[PDB]
12 protein chains.
Amino acid sequence: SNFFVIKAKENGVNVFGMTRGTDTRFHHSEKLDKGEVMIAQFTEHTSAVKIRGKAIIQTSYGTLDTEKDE
Amino acid sequence: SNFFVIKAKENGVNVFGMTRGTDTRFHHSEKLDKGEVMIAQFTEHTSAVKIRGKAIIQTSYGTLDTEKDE
Amino acid sequence: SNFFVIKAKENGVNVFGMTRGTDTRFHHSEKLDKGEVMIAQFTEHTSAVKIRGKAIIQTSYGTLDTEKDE
Amino acid sequence: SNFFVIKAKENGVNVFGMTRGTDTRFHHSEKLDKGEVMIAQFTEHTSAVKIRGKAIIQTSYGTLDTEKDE
Amino acid sequence: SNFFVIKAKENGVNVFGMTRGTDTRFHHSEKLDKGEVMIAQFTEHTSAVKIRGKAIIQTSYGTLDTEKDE
Amino acid sequence: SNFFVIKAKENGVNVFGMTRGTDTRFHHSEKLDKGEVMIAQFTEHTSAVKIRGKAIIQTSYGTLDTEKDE
Amino acid sequence: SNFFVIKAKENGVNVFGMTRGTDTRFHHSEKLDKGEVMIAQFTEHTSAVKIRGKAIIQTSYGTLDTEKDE
Amino acid sequence: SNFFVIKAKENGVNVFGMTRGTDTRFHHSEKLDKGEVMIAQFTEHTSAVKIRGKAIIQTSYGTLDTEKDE
Amino acid sequence: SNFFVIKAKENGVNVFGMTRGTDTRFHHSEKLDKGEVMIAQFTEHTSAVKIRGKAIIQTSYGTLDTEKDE
Amino acid sequence: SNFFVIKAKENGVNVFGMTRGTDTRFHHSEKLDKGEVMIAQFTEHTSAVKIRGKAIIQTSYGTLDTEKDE
Amino acid sequence: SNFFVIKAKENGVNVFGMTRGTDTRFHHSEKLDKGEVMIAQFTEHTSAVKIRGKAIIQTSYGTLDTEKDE
Amino acid sequence: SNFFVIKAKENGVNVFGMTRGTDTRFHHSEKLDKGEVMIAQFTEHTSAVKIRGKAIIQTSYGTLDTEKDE
Ligand SMILES: N[C@@H](Cc1c[nH]c2ccccc12)C(=O)O
Ligand SMILES: N[C@@H](Cc1c[nH]c2ccccc12)C(=O)O
Ligand SMILES: N[C@@H](Cc1c[nH]c2ccccc12)C(=O)O
Ligand SMILES: N[C@@H](Cc1c[nH]c2ccccc12)C(=O)O
Ligand SMILES: N[C@@H](Cc1c[nH]c2ccccc12)C(=O)O
Ligand SMILES: N[C@@H](Cc1c[nH]c2ccccc12)C(=O)O
Ligand SMILES: N[C@@H](Cc1c[nH]c2ccccc12)C(=O)O
Ligand SMILES: N[C@@H](Cc1c[nH]c2ccccc12)C(=O)O
Ligand SMILES: N[C@@H](Cc1c[nH]c2ccccc12)C(=O)O
Ligand SMILES: N[C@@H](Cc1c[nH]c2ccccc12)C(=O)O
Ligand SMILES: N[C@@H](Cc1c[nH]c2ccccc12)C(=O)O
Ligand SMILES: N[C@@H](Cc1c[nH]c2ccccc12)C(=O)O
Ligand SMILES: N[C@@H](Cc1c[nH]c2ccccc12)C(=O)O
Ligand SMILES: N[C@@H](Cc1c[nH]c2ccccc12)C(=O)O
Ligand SMILES: N[C@@H](Cc1c[nH]c2ccccc12)C(=O)O
Ligand SMILES: N[C@@H](Cc1c[nH]c2ccccc12)C(=O)O
Ligand SMILES: N[C@@H](Cc1c[nH]c2ccccc12)C(=O)O
Ligand SMILES: N[C@@H](Cc1c[nH]c2ccccc12)C(=O)O
Ligand SMILES: N[C@@H](Cc1c[nH]c2ccccc12)C(=O)O
Ligand SMILES: N[C@@H](Cc1c[nH]c2ccccc12)C(=O)O
Ligand SMILES: N[C@@H](Cc1c[nH]c2ccccc12)C(=O)O
Ligand SMILES: N[C@@H](Cc1c[nH]c2ccccc12)C(=O)O
Ligand SMILES: N[C@@H](Cc1c[nH]c2ccccc12)C(=O)O
Ligand SMILES: N[C@@H](Cc1c[nH]c2ccccc12)C(=O)O
């Protein structure tokens, strides 16, 4: 039931899915062009993700901007 | 059980369903003309979606506008 | 247990039910004339819907108006 | 447990029950005269309803008036 | 488990219980004189009700007055 | 687990229990004199009640007064 | 888990337990003198109670005074 | 799992446990001197309690003072 | 899963555990000197406690002070 | 799932774990020096704790200071 | 179902996964360059994580900044 | 499922995991340099932790600063 939203602020965003289990590798990379949105769950096969590029990210904890200086 | 809403702001918005499981591919593409709405769940077969085009997207985290510059 | 409400703002509204499973196709189209309302669930057979025409749409995320310039 | 309330604002309201399952047909039509109220659940046999005529409709998401211009 | 309240504002308010299942019929009629109250559940046998007459009706969505013109 | 409270405002109040199942009839009538209170559950045997007389009635939806001009 | 509290405002309060099941009879009467408090549950054997005399009564729905004029 | 708190305002406050089941009797009496506190649950053996004496009583409904005149 | 907290305001505080079941007796007494704190659960073996001495007592219903003139 | 936090305000704090079951004895003492923190659960083996020394204690019910005069 | 978010404030951030069970060791290290984000769950294999570098960290308890002088 | 956060305010903060079960011992020590963060659960093997050093600690009860004098 846990899910997250990624919106690409610019071209060049990638979302990597990381394998659930003893081993940790990237099993999929989804590219996002500017304006594209991926809505994705954690699943049997995906227990972590890594996001690269200029993006807005939403989870239960709020909205995160990758370009912002905190 | 988790579900999301997509309303097209222009013709040709495209909603791709991504397969649940070890493999990740687009198993379905649903196009939306301006003003059309898709309401869709995550399911046994669909564990992520990719959306392209000028659209309003709603999840339990709130409403996103794909056009908005952050 | 998730349900949605559609009210036709004008004649010509259609609600398509999309099949649950590996196969995705329309299994039903319900036509709504001005003012008519459909209240419908996601179900064993329906895991997504597509709505066409000038309509008010309600989900747990709130009320959408297809005609609104967003 | 999901239920809805319909109050007829005038004579000529009908509430159609739509069959749950692979097939979608109207299995019952209940007529409401002005002032009459139907309170009804979704059930094993009913997974969607269609409402016609001048009516006030209540669900979890609020109260809807079929005659109103949104 | 879902339940509703009906208070008669006049004599001869009538509460019809509608059968759960494939068939839909009135299996019981309970009449209420002015000020009398019925508190009733949905059950194995009752999946909808139809109410006629001047009455106050309460559900988890709030209080409805059958006389009020909207 | 749903329960209701009835307080008699005057002598002459009666609380009828209505049988659960295909058959609907009164299986019990409890008389309340002024000020007396009944607190009762819905149960295996009771799926609806009817209240007659001048009474204060409490459910999870709030407090009703049978004598009130609504 | 459903429970209620009775405090006697004066001598002469009685709390009657009513039998759960097909039959409805008083299986116990507990007398309360002024100031005494009974805290009691609904149970396998008790599905309703009747309270007589001058008392303060508390349930989930609030506090009720038997002597008050509503 | 439901529990209650009793603090004595005077010596000789008395807490009687009432048996769960078909029979209702006091199976235990616990006396409290001024300022002493009992925190007790309802249990397999105890489905009601009777309290006599000047005391503060707390339940999930709030705090009661047995001395207070209403 | 219910727990309680006792802080000794002065030397001489005692917390008695009362046995769960048909038999009710003290199975343990824990002595607390000034400032010492006990945090304890209800359990398979303990269904009530009695607290003696000058103490601050905390439950989900709030904080009590045994020395307070109520 | 029930847990508590202890922070030592000064050297000389001890946290005693009390055995769950028919018998009640201290099965472990953990010493805390000034500034050290113990976060601990209730468990199969621990159903109560006793805390000695100058400490800040946190539970669901709030923060308690052992040195404070209430 | 608990998850956490890590955003790298600068290059050089590392997220170590710590093994669940009797054995505790690092089974994975994910490196994050400036702006990159990891969203990850606790899992069958990971019961703790250690984060090194200049990072924004989000959990259900809120947002932490590793560089902040606390 | 319960989890906690520890951020080091100085080098050499030390987090000791304490064994679940009849025996209580430190089964693991994780040291943190200034700014490093551990996010950790209670588990089958870990039912308490002991933390030494200048640190910010977060639980569902709030944030604690080990340096703060109360
Ligand atoms: N294979 C790892 C992936 C992972 C999840 N959460 C992590 C946190 C840190 C490092 C790796 C992970 C797992 O399922 O446990
Ligand atoms: N429901 C899990 C993810 C998940 C789905 N199927 C699974 C099977 C095994 C392990 C985890 C999962 C979550 O929200 O976090
Ligand atoms: N209920 C899941 C989706 C889902 C439905 N059927 C499934 C079967 C297997 C795995 C996941 C699912 C969710 O809301 O996220
Ligand atoms: N087949 C993948 C699809 C997926 C879900 N969430 C993801 C996040 C990142 C990359 C891929 C995914 C899965 O079910 O796990
Ligand atoms: N047959 C698809 C229908 C579907 C649900 N959600 C979707 C999102 C995108 C595309 C298709 C879908 C399924 O049950 O999984
Ligand atoms: N409750 C499901 C829909 C549903 C009903 N019956 C089903 C049987 C199989 C799969 C899904 C369903 C949902 O909202 O997601
Ligand atoms: N027979 C369909 C009825 C239905 C429910 N929800 C729908 C949404 C759109 C179209 C039809 C429906 C079903 O049970 O799935
Ligand atoms: N409880 C379901 C409706 C329902 C009742 N019985 C059913 C049997 C099968 C499928 C659905 C149902 C709901 O609220 O939505
Ligand atoms: N509990 C259901 C009604 C109900 C009771 N018994 C049933 C048996 C079958 C189907 C429904 C029911 C509700 O609140 O809506
Ligand atoms: N026999 C129908 C009664 C019913 C319930 N909800 C309805 C809505 C519309 C029409 C009929 C109904 C059923 O149990 O499904
Ligand atoms: N015997 C009916 C009693 C009943 C409950 N709710 C009702 C509503 C209307 C009419 C009768 C009823 C039943 O158990 O279903
Ligand atoms: N808990 C049910 C009433 C009830 C108790 N026991 C029952 C046995 C069968 C049917 C209903 C019941 C309700 O409030 O709706
Ligand atoms: N023997 C009845 C007692 C009862 C409970 N609620 C009632 C309401 C009205 C009349 C009687 C009752 C029963 O268990 O069902
Ligand atoms: N737990 C029920 C009462 C109850 C206890 N044991 C029971 C056994 C049978 C029926 C009801 C009960 C309530 O709070 O309402
Ligand atoms: N858990 C019940 C009391 C209880 C405990 N054990 C029981 C065994 C039988 C009946 C009731 C009980 C309550 O909080 O009210
Ligand atoms: N033996 C009775 C005790 C009781 C509980 N609640 C009551 C209310 C009134 C009278 C007696 C009781 C029972 O378990 O049911
Ligand atoms: N042995 C009694 C102890 C008890 C619990 N709650 C009580 C209230 C009053 C008197 C005694 C008790 C029991 O388990 O039931
Ligand atoms: N969780 C129970 C106490 C308890 C723990 N283990 C038990 C075993 C039997 C009876 C009660 C218990 C309560 O708070 O009421
Ligand atoms: N061995 C006791 C310890 C205990 C828990 N709560 C208590 C309260 C008072 C006295 C002792 C205790 C038990 O598990 O029950
Ligand atoms: N989960 C219990 C403690 C506990 C863990 N394992 C247990 C085994 C038996 C009894 C109690 C426990 C609590 O939070 O209170
Ligand atoms: N292997 C340890 C890892 C761990 C989790 N939480 C901890 C807290 C402190 C030290 C180690 C840990 C465990 O699963 O229990
Ligand atoms: N849901 C667990 C993590 C988890 C997933 N699968 C597991 C299998 C075994 C143990 C733990 C897990 C938690 O957050 O604590
Ligand atoms: N879920 C427990 C910890 C836990 C995980 N696996 C366990 C196995 C046995 C006992 C406890 C556990 C908690 O949050 O506190
Ligand atoms: N081995 C102990 C560890 C522990 C948990 N909570 C405690 C509180 C005090 C002392 C020790 C502990 C246990 O699992 O129970």
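Note on E:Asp23 and D:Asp23: with the Förster distance fixed at 22 Å, the Cβ-Cβ geometry gives a FRET efficiency of about 0.80. Note on chain J: GNM, Cα springs under 10 Å; of J:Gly17, J:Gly35, J:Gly53, the largest mean-square fluctuation is that of J:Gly35.
Phi angles of region A:48-58 translate, via the Karplus equation with coefficients 6.51, -1.76, 1.60 and θ = phi - 60°, into HN-Hα couplings of 7, 9, 10, 10, 10, x, 7, 8, 9, 10, 10 Hz per residue; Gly and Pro are given as x. Pairs over the 27 Å Cα-Cα cut-off, from the set I:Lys34/L:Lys54; B:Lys7/C:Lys7; E:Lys9/F:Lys7; E:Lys9/E:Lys50; A:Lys34/C:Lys31: I:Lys34/L:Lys54; A:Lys34/C:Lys31. Positive end of the dipole of chain A (Cβ unit charges, origin at the Cα centre): among A:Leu64, A:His28, A:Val5, the Cα lying farthest that way belongs to A:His28. Overall, the protein assembly as shown carries a charge dipole of about 900 debye about its Cα centre when +1 sits on the Cβ of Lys and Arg and -1 on the Cβ of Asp and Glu, all other atoms neutral.
Sparsely packed loop sites in chain D (the trypsin sites (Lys or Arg not before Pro) outside DSSP H, G, I, E and B with at most 10 other Cβ atoms within 10 Å) comprise D:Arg25.
For the protein assembly as shown, a Kirkwood radius taken over Cα pairs fed into Stokes-Einstein (20 °C, viscosity 1.002 mPa s) yields D = 69 µm²/s.
Translational diffusion of chain K, estimated by Stokes-Einstein from the Kirkwood radius over alpha carbon pairs at 10 °C in a medium of 1.306 mPa s, is 128 µm² per second.
Charge dipole of chain B (Cα centre as origin; +1 on each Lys and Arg Cβ, -1 on each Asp and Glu Cβ, all else neutral): 100 debye, rounded to the nearest 20.
For the rotational copy relationship between D and A, the axis lies nearest to a chain D beta carbon, identified with its distance in whole angstrom as D:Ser1, 14. A Förster distance of 30 Å, applied to the separation of the beta-carbon atoms of E:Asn11 and G:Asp33, puts the FRET efficiency at 0.10.
Counting only other chain Cβ atoms within 10 Å of each residue's Cβ, the peptide C:14-25 averages 4. Spin-label model, K:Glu44 to E:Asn2: label points 7 Å out along the Cα-to-beta-carbon direction sit 3.9 nm apart. Highest mobility in the GNM of chain G, judged by mean-square fluctuation with C-alpha springs under 10 Å and restricted to G:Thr43, G:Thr22, G:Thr59, is found for G:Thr22.
When only Cα pairs below 8 angstrom with a gap of at least 6 residues are kept, region B:1-58 shows a relative contact order of 51 percent.
Cβ atoms come from the backbone with ideal geometry, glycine included; neighbour counts cover every protein chain shown. Read-outs throughout are calculated quantities, based only on the coordinates presented, and are distinct from any laboratory measurement.
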